Amino acid sequence: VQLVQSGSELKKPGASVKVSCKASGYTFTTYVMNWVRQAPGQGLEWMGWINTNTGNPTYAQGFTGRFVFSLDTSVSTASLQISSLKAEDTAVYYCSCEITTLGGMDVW
Amino acid sequence: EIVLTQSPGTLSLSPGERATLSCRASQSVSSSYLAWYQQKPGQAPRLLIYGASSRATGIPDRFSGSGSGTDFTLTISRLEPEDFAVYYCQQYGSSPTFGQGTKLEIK
Amino acid sequence: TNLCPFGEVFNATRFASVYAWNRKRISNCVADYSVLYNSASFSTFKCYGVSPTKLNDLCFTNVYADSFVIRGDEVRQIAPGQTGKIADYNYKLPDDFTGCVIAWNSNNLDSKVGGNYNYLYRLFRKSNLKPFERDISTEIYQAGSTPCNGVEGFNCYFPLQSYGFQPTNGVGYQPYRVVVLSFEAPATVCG
Amino acid sequence: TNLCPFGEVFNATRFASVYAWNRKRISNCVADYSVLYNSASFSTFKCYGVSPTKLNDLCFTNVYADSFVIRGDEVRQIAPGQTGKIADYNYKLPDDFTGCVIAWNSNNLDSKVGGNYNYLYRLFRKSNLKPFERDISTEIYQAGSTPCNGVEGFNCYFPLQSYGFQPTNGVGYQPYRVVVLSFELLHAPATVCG
Ligand SMILES: *[C@@H]1O[C@H](CO)[C@@H](O)[C@H](O)[C@H]1NC(C)=O
Ligand SMILES: *[C@@H]1O[C@H](CO)[C@@H](O)[C@H](O)[C@H]1NC(C)=O
């Protein structure tokens, strides 16, 4: 099992950005992919998750209206798109797996 | 238990023609445990299809499986001389059970 | 004198595969068992070593709530002294088991039309599991003398398969949500 | 619309030996199963293939109330797919059993101070019992190549032994009254409901 994300992104405010999250080793539509945000000097902050079978995304409060989880099952690739970038959205963004509610957040 | 009913008991066709062997299960059954085997006169059986539609390695394209639920069919697209043998089907719950066998001979 | 969070285990929206089974620890709370028992929505509710209607008047130092999803034909294996792929290679109860097992049909919640391959079971292992053992190992299983080194092929298979749960499956082949309550110093779980 | 005689089985003054178990045949009556399980008088009330609370809302063609006496240690064996001397040589439940097993301690009723040897089990038999087989044959068990001809001695023993129930026995060595309710099916018409 492996997760490899895309490269760093510099953008102006109001721009947009799309991060990718390739996987390898297992069956991509078997498990859930969720996203976590770590701003400078803050803790981890859970953003949400997308069902890899049905496509149904779930956004925790605060990441609604400008963030889009998406998938491309042709390349086992998760993506994170942010519209209308603000200065405060500056952070590290992690994609991560969920074996189960138990094995939740095992691979990063 | 699971009980398997092959039809017909004896299927007669000439070389070239297409063979449709039937296997019938006494109750609803998972397509993930159903295999087909070939037995030439005096030889140990050969695994042909496993799961429900997957060719075991070494088995040519002319063989092809199908089915779900309670009816499943082995299909030999174009018969060849070495395909005239008896064919059995397997299902499996707590333990394996087989079918009665279909003899395939020259018409 | 807080209540026990059973509703968080049973009524949980999603469960875990049987090979990576869940274990919730219950302590410092009160529990009404016959309310779960009078619920009459379960297909199996069988205890061992004690009675379901006498449960309310008892205490234990700790109670463990184990939950997973198996297949209708395999519920019979979640019992002491049982054999099979689930009993041997996924979840085993000790012969001196003194708890309860609970299950109900969950075809409505856990089966997708194309196929819900989210739930998995262990199929290939070299020896049975100890009582209450948990094996999450995904090492390639070696059936031949030649070793595998994380490469599938002949004599080298993935030790895990997926349940194929479709709504049109046979009842025995449908998914059943299972919960196990183990019973076990001063006591903190009473009624 | 008559009520079932479950009281006649459960509340019966004297029970049977386990090798010679009873089959009261229940037919043509209404059964309130929920009256039985909320009794909370049983140390074992473990069904299989059906839910105790959902039982009231059901019907069957024939209900078979099997009842016998064993020790508490052996109560575990009154289950599908068990081994042991009771499960193998006295009373065997099928691996497709679909009924209930009910048990309660009977040391007050079924134990005498000097020792009550009325109850018995089968200790020697050449092969396991078929499901729901009753074996009442008292034939001298042959252990050697030399036949017995109804004369005890070496390699020739009485097939039956006696439970030794004393009020001072260990709780597992104490008597437990068992009632086994076996449920059939439809196709044929039903006679027992709730
Ligand atoms: C699950 O939810 C239903 C509906 O609210 C409720 O009736 C039931 O008691 C709940 N189960 C548990 C174990 O709390
Ligand atoms: C046995 O007798 C007691 C005392 O009358 C009664 O409460 C109980 O219900 C009876 N049991 C059955 C199975 O009828």
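The numbering of chain D matches Swiss-Prot: 333-526, in order.
Looking at the header, which is where the method is noted, we find X-ray crystallography, 4.0 Å.
Backbone N, Cα and C define each Cβ position, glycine as well.
Classification of D:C361 (disulfide bond) by DSSP places it within a strand. Swiss-Prot lists D:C336-D:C361 (among others) with the feature disulfide bond, giving experimental evidence as the kind of evidence.
Shown in sequence order, D:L387, D:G431, D:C432, D:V433 are the residues of the chain, 6+ apart in sequence, with a C-beta less than 8 angstroms from the C-beta of D:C379 (disulfide bond). Taken from Swiss-Prot, the feature disulfide bond covers D:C379-D:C432 (among others).
Summarising the annotation, Swiss-Prot assigns disulfide bond to D:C391-D:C525 (among others) and lists experimental evidence as the type of evidence. DSSP assigns D:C391 (disulfide bond) to coil, not to a helix or a strand.
Neighbour density for D:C488 (disulfide bond): within 10 A of its CB lie 17 other CB atoms from the protein chains shown. The disulfide bond feature in Swiss-Prot is assigned to D:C480-D:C488 (among others).
For D:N343, the entry in Swiss-Prot reads N-linked glycosylation site. Summarising the environment of D:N343 (N-linked glycosylation site), the number of other Cβ atoms within 10 Å of its Cβ, over all protein chains shown, is 7. Following the DSSP three-state reduction, the secondary structure of D:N343 (N-linked glycosylation site) is coil.
Taken from Swiss-Prot, the feature region 'Receptor-binding motif' covers D:437-508, and the record attributes it to similarity to another entry. Helix, strand and coil counts from DSSP across the region 'Receptor-binding motif' (D:437-508) read 3 helix, 16 strand, 53 coil.
Marked as region 'Immunodominant HLA epitope recognized by the CD8+' by Swiss-Prot: D:448-456.
As annotated by Swiss-Prot, region 'Disordered' applies to D:455-490, with the evidence given as a curator's inference.
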Using C-alpha positions only, work out which of the recorded positions D:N343, D:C391, D:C480, D:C488, D:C525 is nearest to D:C336 (disulfide bond).
D:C525
Of the recorded positions listed here (D:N343, D:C361, D:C391, D:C525), which is spatially closest to D:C488 (disulfide bond) when Cα positions are compared?
D:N343
Please name which of the recorded positions listed here, D:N343, D:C391, D:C480, D:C525, is nearest in space to D:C361 (disulfide bond), Cα against Cα.
D:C525
I'd like to confirm something. Which of the disulfide-bonded residues, D:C391, D:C480, D:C525, has a Cα closest to the Cα of D:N343 (N-linked glycosylation site)?
D:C525
Quick one: which of the disulfide-bonded residues (D:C336, D:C391, D:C432, D:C488) have their CB closer than 6 Å to ligand 2?
none
Greatest C-beta neighbour count within 10 angstroms, which of the disulfide-bonded residues D:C336, D:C361, D:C525:
D:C336
Spatial separation of D:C480 (disulfide bond) from D:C391 (disulfide bond) - C-alpha basis, Å:
50
Between D:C480 (disulfide bond) and D:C525 (disulfide bond), how far is it from one CA atom to the other, in Å?
51
